[PDB]
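Here the structure is laid out as structure tokens; the discussion comes afterwards.
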RNA sequence: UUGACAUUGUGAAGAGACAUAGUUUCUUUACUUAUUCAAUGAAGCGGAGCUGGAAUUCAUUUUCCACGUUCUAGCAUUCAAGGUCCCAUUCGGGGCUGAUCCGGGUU
RNA sequence: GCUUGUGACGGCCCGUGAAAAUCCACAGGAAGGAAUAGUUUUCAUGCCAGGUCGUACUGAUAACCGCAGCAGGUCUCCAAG
RNA sequence: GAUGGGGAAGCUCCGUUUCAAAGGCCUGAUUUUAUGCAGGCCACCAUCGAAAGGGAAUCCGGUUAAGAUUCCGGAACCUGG
Ligand SMILES: [Mg+2]
Ligand SMILES: [Mg+2]
Ligand SMILES: [Mg+2]
Ligand SMILES: [Mg+2]
Ligand SMILES: [Mg+2]
Ligand SMILES: [Mg+2]
Ligand SMILES: [Mg+2]
Ligand SMILES: [Mg+2]
Ligand SMILES: [Mg+2]
Ligand SMILES: [Mg+2]
Ligand SMILES: [Mg+2]
Ligand SMILES: [Mg+2]
Ligand SMILES: [Mg+2]
Ligand SMILES: [Mg+2]
Ligand SMILES: [Mg+2]
Ligand SMILES: [Mg+2]
Ligand SMILES: [Mg+2]
Ligand SMILES: [Mg+2]
Ligand SMILES: [Mg+2]
Ligand SMILES: [Mg+2]
Ligand SMILES: [Mg+2]
Ligand SMILES: [Mg+2]
Ligand SMILES: [Mg+2]
Ligand SMILES: [Mg+2]
Ligand SMILES: [Mg+2]
Ligand SMILES: [Mg+2]
Ligand SMILES: [Mg+2]
Ligand SMILES: [Mg+2]
Ligand SMILES: [Mg+2]
Ligand SMILES: [Mg+2]
Ligand SMILES: [Mg+2]
Ligand SMILES: [Mg+2]
Ligand SMILES: [Mg+2]
Ligand SMILES: [Mg+2]
Ligand SMILES: [Mg+2]
Ligand SMILES: [Mg+2]
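Residue numbers (the entry's author numbering), protein chains in the order written: chain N5, 22 to 142; chain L2, 2 to 253; chain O4, 62 to 113; chain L8, 24 to 256.
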């Protein structure tokens, strides 16, 4: 017989079989529990008097919130821990390195009403 | 003492060349199959100014013999070449301004530009505005061809070494006075940081062989041997004669 | 241009949004004439090939 | 014929993209490929000295094929076959009280370089096969010279691997017979004779002949053509 | 920078001694695998052959060159259309040829 | 009128005065697609989502640098009669 | 400024597409079944580097002790699905 027939003069690395990992032992013994559940996302109410106003006037709950949490995780956490529906979530880093979430509830909920059925006032 | 100006240039730091604007290196085509058996046609699609270059470039597109695609090359424009013009490159091609033929295929006294020193090196000799070379002989059993370069020197190279028929354009450039320091200023501005030039004889000793003394003066012969050593070669290096040149120059 | 309907990116004619009309008059005339001379050129050296 | 059409393309410089062709002669091979090719070239451009040049002369396909044919009747035990034999003798020897001679005298090929060498020195081989590869050639270059001296008929044979096959190792470097069943003495004496004629006899003359000094063919043509016309006007 | 030694190998003519057999030393001019320099998405290298055809045949071919592109600022891509052989004829799809052989030395 | 923007021009150059992401178009026509029913989301309308960090104030004869609430230094836009 | 490399006793120096086997896309094949192979292209060789360069898209009114082209209100627009 005889030879191959390459019409390209560039020789490339043969596309060769890639096996997937089948360990002889488990990477880390026990997976870590959820590192950011809702009780870690939303830390306290903020009950500053100018916050207490957004509640009365703006249908808005202010929370000190985990620095590690994003608008997604803040929104879900409120929704879960409070029954409440969220319209949008504004956030900001305070000047003491902690996060403030301005949470607007939809028109069906009275945030003031929530506020005292959660406790503060 | 210190390290003199002409030693500092080699590190290249502030002395590398101001290049942002240049069109791209100028070369003949890669000496492929077409060009060394037949000839291949192109169009000059543009002739264009290159930053800090005397002569204009000429953008010439060709078909890729092997792939469906246009491959554009950068030439130095020989005088008279023009947009639209058809350019032919190959052994078996025709002796006209603009084309590129191997020094073997053109009669003596032909006048060519941008010629190769070894075939394939995509052009080395005679590229400065106004310059060209003349084929002054052939030796076919050996296929050397003998040229005279702009300098006066006469080399011999492969009759395969390619050249382009004509002279390089924008000649005459240096006949007109720069007039003011500003015009040189912008001149070297797009070349390299070599201007202006402090006379070493205006320097202090730390600085330069010529520095110091209570009147300015070189103090010793400014004709320096080839065997000198860096820090020493300033002046007339390896000068085999010196003084005002009288009588027709012109190598025989 | 990716927020605008195709009619804003062409005129009808071949090479619409890309070449200047007067220039396609040219492509066409030259294409024609050069394809035709290609006929004139063959039969001229076709005849050559039996009269030399 | 119908609305179908002849349109021959013209692939002749400055027109029609060149077609796909076989560029195999051109491809930019990996270094490792480039290197083992060039080693083979280099060894042939040089003048190779006789005591290596004596290899390359490898036993012929015919004589050889029938040397493996005899030899393959003398494979060594397999693992099973040696498990098999032991029980057969752990049984009998311990109780039936056989003198560790509830086993037939083994006849197999002799292998392992240092083994084969001492066999030869001690004049017991009757047919050494040396393999023609073996990259530190030194392991083996002295084997002809040695077999000539011990008056031991030998043969340089293609297949360092194929000597491995006949002994159940991936390669084997040498292979030798020393014993043989009476029913094969004949076969051997024939082989020993042919083989002695292509090697052991030719030895001293092989010893005077350098090898290589062999041009590539772009250079050969440059010489057949140059040394055709230059003399024959 | 200059010499020597080492990298350092292969021919050939020429000078040099046992003192006008060829082991050996250098000069020279050949070789290319060491070493060196360029080049390219290592693409068309070397050799042979088809045909053309100058040639003048001193038996018959001894050769030597040729051996797809030049009025034009178009167009040139889908392993190529054509031709030819397959599968069991679907719809798709494959070989060859088109594109001559040989050597795997990218030049 | 003044500031700024912009257009068609004109002067200058041995100075002829960046790149890339990204976007669109055309040449091409592989392929796909209907009448007992296909093709169309570069036309309209419709539904969902859009994270992370910065965002106060000073910017100077007191928030900057000159040991300082220093007659110094420190880049810029808007500009009435 | 990493990387195959080449220097260097070595901390490290050189090279940046560099004498490197340098990679990933559209779907078809799947209707054991989830993604192995079946075409084919593309050979581009990292990456960092601009809060004045390039760049998808928001405005007016109102509001605070202190925020606002960011909130409230109304009215839009871009990108992806
Ligand atoms: Mg209310
Ligand atoms: Mg924010
Ligand atoms: Mg010093
Ligand atoms: Mg530079
Ligand atoms: Mg300066
Ligand atoms: Mg001066
Ligand atoms: Mg001066
Ligand atoms: Mg002074
Ligand atoms: Mg001094
Ligand atoms: Mg001096
Ligand atoms: Mg002085
Ligand atoms: Mg003076
Ligand atoms: Mg339109
Ligand atoms: Mg169309
Ligand atoms: Mg057996
Ligand atoms: Mg020397
Ligand atoms: Mg090449
Ligand atoms: Mg202004
Ligand atoms: Mg201009
Ligand atoms: Mg457009
Ligand atoms: Mg298909
Ligand atoms: Mg739409
Ligand atoms: Mg502000
Ligand atoms: Mg102040
Ligand atoms: Mg201080
Ligand atoms: Mg001050
Ligand atoms: Mg580095
Ligand atoms: Mg970056
Ligand atoms: Mg920026
Ligand atoms: Mg910017
Ligand atoms: Mg406002
Ligand atoms: Mg407020
Ligand atoms: Mg404010
Ligand atoms: Mg709003
Ligand atoms: Mg609205
Ligand atoms: Mg959309």
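Every residue gets a Cβ at the ideal spot worked out from N, C-alpha and C, and that includes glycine.
Open item on the list: Residues of chain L8 with CB closer than 7 Å to the CB of residue 42 (chain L2), please, in chain order.
Closed with: Within the second chain, numbered from 1, the residue matching residue 42 (chain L2) stands at position 41. Those are 37, listed as they occur along chain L8.
Open item on the list: Give me the subset of the region 23–47 of chain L2 whose CB atoms are less than 9 Å from a CB atom of chain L8, sorted by chain position.
Closed with: For the region 23–47 of chain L2, the set of positions with a beta-carbon nearer than 9 Å to some beta-carbon of chain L8 reads 34, 35, 38, 39, 40, 41, 42 in chain order.
Open item on the list: Please give me, in chain order, every unbroken run of the alpha helix (DSSP H) with length at least 4 that falls completely inside the region 69–113 of chain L8.
Closed with: Every unbroken stretch of the alpha helix (DSSP H) spanning 4 or more residues and falling wholly within the region 69–113 of chain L8 is given here in chain order: 73–76, 84–94.
Task: C-alpha distance - residue 135 (chain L8) paired with residue 247 (chain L8), whole-angstrom precision - done: Translated into the one-based positions of the fourth chain, residue 135 (chain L8) becomes position 112. Translated into the one-based positions of the fourth chain, residue 247 (chain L8) becomes position 224. Pairing residue 135 (chain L8) with residue 247 (chain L8), the inter-Cα distance amounts to about 47 Å.
Open item on the list: Just verifying my parser: in three-state terms, what is the DSSP assignment at residue 218 (chain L8)?
Closed with: On the fourth chain, residue 218 (chain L8) is found 195 positions in, with the first residue counted as 1. In this structure, residue 218 (chain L8) counts as helix in the three-state DSSP scheme.
TODO: Compare the C-beta of residue 65 (chain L2) with all C-beta atoms of chain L8 and state if any pair is closer than 9 Å.
DONE: For the purposes of this step, residue 65 (chain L2) is taken as residue 64 along the second chain, with counting starting at 1. Yes, contact with chain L8.
TODO: Rounded to whole angstroms, what's the CA-CA distance from residue 108 (chain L2) to residue 136 (chain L2)? Just pull it up for me.
DONE: Position 107 of the second chain, counted from the start, is the residue given in the question as residue 108 (chain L2). Position 135 of the second chain, counted from the start, is the residue given in the question as residue 136 (chain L2). Cα atoms of residue 108 (chain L2) and residue 136 (chain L2): separation of roughly 8 Å, rounded to the nearest angstrom.
Task: CB-CB length for residue 87 (chain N5) against residue 121 (chain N5), believed under 8 Å - done: Along the first chain, one-based indexing puts residue 87 (chain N5) at 66. Along the first chain, one-based indexing puts residue 121 (chain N5) at 100. That belief does not hold up - the Cβ atoms of residue 87 (chain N5) and residue 121 (chain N5) are roughly 12 Å apart, past 8 Å.
Task: Residue interval of the beta strand (DSSP E) (run including residue 159 (chain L2)) - done: Counting from one through the second chain, the residue named residue 159 (chain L2) turns up at place 158. For residue 159 (chain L2), the enclosing beta strand (DSSP E) begins and ends at 157–159.
Task: Completely contained beta strand (DSSP E) runs for the region 156–192 of chain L8, where each covers 3 or more residues - done: With a minimum length of 3 residues, the continuous beta strand (DSSP E) runs that stay inside the region 156–192 of chain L8 are 177–180.
- [ ] Verify the contact flag: residue 131 (chain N5), CB atom, against every heavy atom of ligand 1, threshold strictly below 8 Å.
- [x] Here residue 131 (chain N5) refers to the residue found at position 110 of the first chain. For ligand 1, at least one heavy atom lies less than 8 Å from the Cβ of residue 131 (chain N5).
TODO: Assign residue 77 (chain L8) to buried or exposed, taking buried as 16 or more other Cβ atoms, counted over all protein chains shown, within 10 Å of its Cβ.
DONE: Along the fourth chain, read from residue 1 onward, the residue named residue 77 (chain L8) stands at position 54. It counts as buried.
Task: Opening and closing residue of the alpha helix (DSSP H) in which residue 77 (chain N5) lies - done: Counted from its first residue, the first chain places residue 77 (chain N5) at position 56. Segment 72–79, the alpha helix (DSSP H) holding residue 77 (chain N5).
Task: Contact list for residue 31 (chain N5) against chain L8, beta-carbon separation under 8 Å - done: What you label residue 31 (chain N5) is simply residue 10 of the first chain in a count that begins at 1. Per Cβ cutoff of 8 Å: 50, 51.
Task: Shell residues, 7 Å Cβ cut-off relative to heavy atoms of ligand 2 - done: Applying a distance threshold of 7 Å between residue Cβ atoms and the heavy atoms of ligand 2 selects 112 (chain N5), 113 (chain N5), given in chain order.
- [ ] Give the secondary structure of residue 172 (chain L2) by DSSP, where H, G and I count as helix, E and B as strand, and everything else as coil.
- [x] For the purposes of this step, residue 172 (chain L2) is identified with residue 171 of the second chain, where counting begins at 1. Shown here, residue 172 (chain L2) sits in coil according to DSSP, grouped into three states, outside any helix or strand.
TODO: Just confirm the distance between the C-beta atoms of residue 110 (chain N5) and residue 124 (chain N5), as a whole number of angstroms; I'd bet it's less than 8 Å.
DONE: For this step, residue 110 (chain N5) is matched to residue 89 along the first chain. For this step, residue 124 (chain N5) is matched to residue 103 along the first chain. Contact annotation, residue 110 (chain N5) with residue 124 (chain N5): C-beta distance approximately 5 Å; criterion of less than 8 Å satisfied.
- [ ] Using a Cβ cut-off of 8 Å, pull out every chain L8 residue sitting near residue 68 (chain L2), in sequence order please.
- [x] The residue given as residue 68 (chain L2) occupies position 67 in the second chain. The contacting residues are 40.
TODO: Using the Cα positions of residue 165 (chain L8) and residue 97 (chain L8), report the straight-line distance between them to the nearest angstrom.
DONE: Locating residue 165 (chain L8) in the fourth chain gives position 142, counting from the first residue. Locating residue 97 (chain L8) in the fourth chain gives position 74, counting from the first residue. So the two alpha carbons sit approximately 26 Å from each other.
Task: Separation of residue 83 (chain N5) from residue 69 (chain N5), as counted between CA atoms - done: By one-based count along the first chain, residue 69 (chain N5) stands at place 48. By one-based count along the first chain, residue 83 (chain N5) stands at place 62. Their Cα atoms are separated by approximately 9 Å.
Open item on the list: Taking CB distances under 9 Å as the criterion, tell me whether residue 13 (chain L2) reaches chain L8.
Closed with: For this step, residue 13 (chain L2) is matched to residue 12 along the second chain. Interface annotation, residue 13 (chain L2): not in contact with chain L8, CB-CB separation never under 9 Å.
Task: Cross-chain neighbours of residue 44 (chain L8) in chain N5, by beta carbon under 7 Å - done: On the fourth chain, position 21 is the one that residue 44 (chain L8) refers to. For a Cβ distance threshold of 7 Å, residue set 28 of chain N5 lies close to residue 44 (chain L8), ordered along the chain.
Task: Residue interval of the beta strand (DSSP E) (run including residue 87 (chain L2)) - done: As a working mapping, residue 87 (chain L2) is identified with position 86 in the second chain. Per DSSP, the unbroken beta strand (DSSP E) holding residue 87 (chain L2) starts and ends at 87–90.
Task: Euclidean distance between Cα positions of residue 160 (chain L2) and residue 68 (chain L2) - done: Translated into the one-based positions of the second chain, residue 160 (chain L2) becomes position 159. Translated into the one-based positions of the second chain, residue 68 (chain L2) becomes position 67. Straight-line spacing of the CA atoms in residue 160 (chain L2) and residue 68 (chain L2) works out to 30 Å.
Task: Outcome for residue 84 (chain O4) when other beta-carbon atoms lying within 10 angstroms are tallied against a minimum of 16 - done: In the third chain, counting from the first residue as 1, residue 84 (chain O4) sits at position 23. Under this definition residue 84 (chain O4) is an exposed residue.
Task: Those residues which DSSP pairs with residue 73 (chain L2) across a bridge - done: Position 72 of the second chain, counting from 1, holds the residue named residue 73 (chain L2). DSSP links residue 73 (chain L2) through a beta bridge to 62 (chain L2).
Open item on the list: Residues in the same chain with beta-carbon distance under 8 Å from residue 75 (chain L8), minus the five sequence neighbours each way, listed in chain order, please.
Closed with: Locating residue 75 (chain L8) in the fourth chain gives position 52, where the first residue counts as 1. Scanning its chain for C-beta atoms nearer than 8 Å, with the 5 sequence neighbours on each side dropped, one finds around residue 75 (chain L8) the residues 160, 164, 234, in chain order.
Task: Inter-residue spacing [alpha-carbon to alpha-carbon] between residue 20 (chain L2) and residue 171 (chain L2) - done: By 1-based counting over the second chain, the position of residue 20 (chain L2) is 19. By 1-based counting over the second chain, the position of residue 171 (chain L2) is 170. The straight-line gap from Cα to Cα measures roughly 21 Å.
TODO: Inspect the beta-carbon positions of residue 56 (chain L2) and residue 131 (chain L2) and report whether they are closer than 9 Å.
DONE: Position 55 of the second chain, counted from the first residue, corresponds to residue 56 (chain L2). Position 130 of the second chain, counted from the first residue, corresponds to residue 131 (chain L2). Result yes, Cβ atoms of residue 56 (chain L2) and residue 131 (chain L2) sit closer than 9 Å.
- [ ] Taking the CB atoms as reference points, tell me whether residue 80 (chain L2) and residue 60 (chain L2) lie closer together than 9 Å.
- [x] Residue numbering aside, residue 80 (chain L2) sits at position 79 when the second chain is read from its first letter. Residue numbering aside, residue 60 (chain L2) sits at position 59 when the second chain is read from its first letter. Result no, Cβ atoms of residue 80 (chain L2) and residue 60 (chain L2) do not sit closer than 9 Å.
- [ ] Closer than 6 Å by C-beta to residue 53 (chain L2): which residues in its own chain qualify, once you throw out the five before and the five after it? Chain order, please.
- [x] Position 52 of the second chain, counted from the start, is the residue given in the question as residue 53 (chain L2). Correct list, in chain order: 191, 192.
Open item on the list: Any heavy atom of ligand 13 closer than 8 Å to the beta-carbon of residue 71 (chain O4)?
Closed with: Indexing the third chain from 1 puts residue 71 (chain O4) at position 10. Checking the Cβ of residue 71 (chain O4) against ligand 13 gives yes.
TODO: Identify the contact partners of residue 275 (chain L8) in chain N5, using a Cβ-Cβ distance below 7 Å as the criterion.
DONE: With chain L8 covering only 24 through 256, there is no way to say anything about residue 275 (chain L8).
- [ ] Output the residues surrounding ligand 9, defined as those with a CB atom closer than 6 Å to any ligand heavy atom, in chain order.
- [x] Residues whose Cβ lies closer than 6 Å to any heavy atom of ligand 9, listed in chain order: 2 (chain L2), 206 (chain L2), 210 (chain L2).
Task: Start and end residues, beta strand (DSSP E) containing residue 184 (chain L2) - done: Position 183 of the second chain, counting from 1, holds the residue named residue 184 (chain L2). Residue 184 (chain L2) -> not in any beta strand (DSSP E); alpha helix (DSSP H) instead, spanning 182–190.
- [ ] Check whether the region 185–205 of chain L8 touches the region 145–154 of chain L8, counting contact only when three or more Cβ pairs, one atom from each stretch, lie closer than 8 Å.
- [x] At 8 Å Cβ cutoff, the stretches touch.
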